[PDB]
Amino acid sequence: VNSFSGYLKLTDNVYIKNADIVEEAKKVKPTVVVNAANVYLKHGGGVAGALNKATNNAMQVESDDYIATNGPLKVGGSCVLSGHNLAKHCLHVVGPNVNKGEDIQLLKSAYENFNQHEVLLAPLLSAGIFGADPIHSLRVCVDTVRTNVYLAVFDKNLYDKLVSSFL
Ligand SMILES: OC[C@H](CC1CCC1)Nc1ncnc2[nH]ccc12
Ligand SMILES: [Cl-]
C-alpha cells in the first residue's frame, strides 16, 4: 500500500492520472520523482523547469555542481540527485528530444532507468516539448518498466486521449 490516490490502473505495475507532477510530488512526497532532464541538466521548461521552480532553483544549483564534476549525461541515461522539498530523491532521466533530431529508439533505454527503483512518480518521457508521440511513450513505458510507476500527465485532453487509446 502506498499514498498515491486517484490513479487509473493500466497494467500490473503502471498507473496513470491527469495531474500536475509538481503538485502531486508536494502532496505525496514520494521516494522518487522523475525529472524529464536534458544531458546538461539545464532545467528551463516543461517538467524540468516546473520542478526546478518549485525547489526555488535549488535543483539547478545542485545540478550545475553535478555537471561541473561529472560532465553531461548520455541520452537514455540518468542520475540520482536530491528531491529537495518535492521527494526524497529526483531521478533525472534523459529521453531523446525529437526536436533535436535524437533517436527515438533511445526511449526504451531511458525508461530502463526506472527499473532501478521500486516505486516512482514520473512523466511520460520524451512527451511534451521533447516532441515525441505520447501514445508511443506510454506504450514503451508499459513494455519496459517492471517496477511500480505512477504516471502524471498535465493535460486533460491528452490524458483522456491516452486512456481511451490504451491497448
Ligand atoms: O512531458 C510530459 C508532459 C507533456 C505536456 C502535457 C502536454 C504537454 N509534461 C508534464 N507532465 C506532468 N506534469 C508536468 N508539469 C509540468 C509539465 C508537465
Ligand atoms: Cl513538457
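Reckoned from all heavy atoms, side chains included, excluding hydrogens, waters and symmetry mates. Here, residue 1 is the first one in the sequence, and each next residue gets the next number. All ligand and atom numbering here is 1-based and tracks the order in the structure.
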Quiz item: So between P134, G128, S137, whose heavy atom ends up nearest atom 5 (C) of ligand 1?
Solution: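 Answer by nearest heavy atom: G128.
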
Practice problem: Ignoring hydrogens, just give me the one of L124, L125, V47, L158 whose non-hydrogen atom is nearest atom 9 (N) of ligand 1. | Solution: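 That would be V47.
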
Quiz prompt | Within-cutoff protein neighbour (heavy atom, under 4.0 Å) for atom 2 (C) of ligand 1 | solution =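 For atom 2 (C) of ligand 1 the answer is yes, since some protein heavy atom falls inside 4.0 Å.
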
Residue [X] vicinity, atoms of ligand 1 by number, heavy atom under 4.0 Å:
{"X": "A50", "value": "16 (C)"}
{"X": "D20", "value": "15 (N)"}
{"X": "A127", "value": "1 (O), 2 (C)"}
{"X": "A152", "value": "11 (N), 12 (C)"}

Self-check item: Side-chain ion pair, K42 and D64, N-O less than 4.0 Å
Solution: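 Yes.
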
Quiz item: Are any of the side-chain nitrogens in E23 or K26 under 4.0 Å away from the carboxylate oxygens of its partner?
Solution: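 Looking at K26 together with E23, the answer is yes, because their closest N to O distance falls below 4.0 Å.
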
Quiz item: Would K17 and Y7 count as having a side-chain donor-acceptor pair, cut-off 3.5 Å?
Solution: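 No - no donor-acceptor pair under 3.5 Å links their side chains.
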
Exercise. Flag the pair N35 / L81 as yes when at least one side-chain heavy-atom distance between them is below 4.5 Å, and no otherwise.
Key: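 Not in contact.
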
Quiz item: What protein heavy atom is closest to atom 6 (C) of ligand 1, reported as residue, atom name and distance in Å?
Solution: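 Protein heavy atom with the smallest distance to atom 6 (C) of ligand 1: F154 O, 3.7 Å.
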
Quiz item: Does at least one non-hydrogen atom of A36 fall below 4.0 angstrom from an atom of ligand 1?
Solution: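 Distance cut 4.0 Å: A36 fails for ligand 1.
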
Quiz prompt | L158: which of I135, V153, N18 passes side-chain contact (heavy atoms from CB on, under 4.5 Å) | solution =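 Going through the options one by one, the only one that passes is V153.
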
Quiz item: Counting heavy atoms not belonging to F154, are there more than 12 under 6.0 Å from its CZ?
Solution: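 12 or below, so no.
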
Exercise. Please lay out, stage by stage, how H92 and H43 fare under the test ring pair (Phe, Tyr, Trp, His ring centres under 6.0 Å).
Key: CA-CA 10 Å; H92 295 272; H43 309 302; 5.2 Å; yes

